[PDB]
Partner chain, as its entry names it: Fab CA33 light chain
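Presented as structure tokens, the chain that follows is alone, the form deposited without its partner chain.
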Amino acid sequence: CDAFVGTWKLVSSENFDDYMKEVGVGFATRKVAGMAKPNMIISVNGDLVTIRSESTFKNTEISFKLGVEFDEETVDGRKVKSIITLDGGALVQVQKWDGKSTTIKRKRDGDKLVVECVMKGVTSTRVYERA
């Protein structure tokens, strides 16, 4: 919860394009998405957590209660069912759509925020620092 609050800027990315290919994102969308380098803004209000990502391409925003399933529209256009829980100090998100699923983990590492995405074995890691 609290350790995640703030504005974060992307510093490094690994295998993100490979992850998007596994998810099924198209060539053009993968291209613009990779050039965008969106930030990440996390805030909490009562029991609702909000994660916002801003970029010149598209801004996305989700507000949720930890443990309650909700509808989410991803940056690449998928309409998925999402659920986010707090486990071992990390935010663990599972997205499900058309019989498929992917996991997105957000955790703290030193003074950084690390996002790890997994799709059928393919793993991508993105590191952020406080802006």
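Numbering follows the first chain given and starts at 1.
The form solved in complex with its partner chain exists for this protein as well; it is not shown, and the discussion that follows is about that form.
**Student:** Does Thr56 reach its partner chain in the deposited complex if we count a contact as any heavy atom within 4.5 Å?
**Tutor:** Taking the distances in the deposited complex, the answer for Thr56 is yes, it comes within 4.5 Å of its partner chain.
**Student:** Just checking whether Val11 would be counted as a contact of its partner chain in the deposited complex - the rule being heavy atoms within 4.5 angstroms.
**Tutor:** Judged by the heavy-atom cut-off of 4.5 Å, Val11 is in contact with its partner chain in the deposited complex.
**Student:** Is there a heavy atom of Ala36 no more than 4.5 Å from a heavy atom of its partner chain in the deposited complex?
**Tutor:** Flag for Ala36 set to yes.
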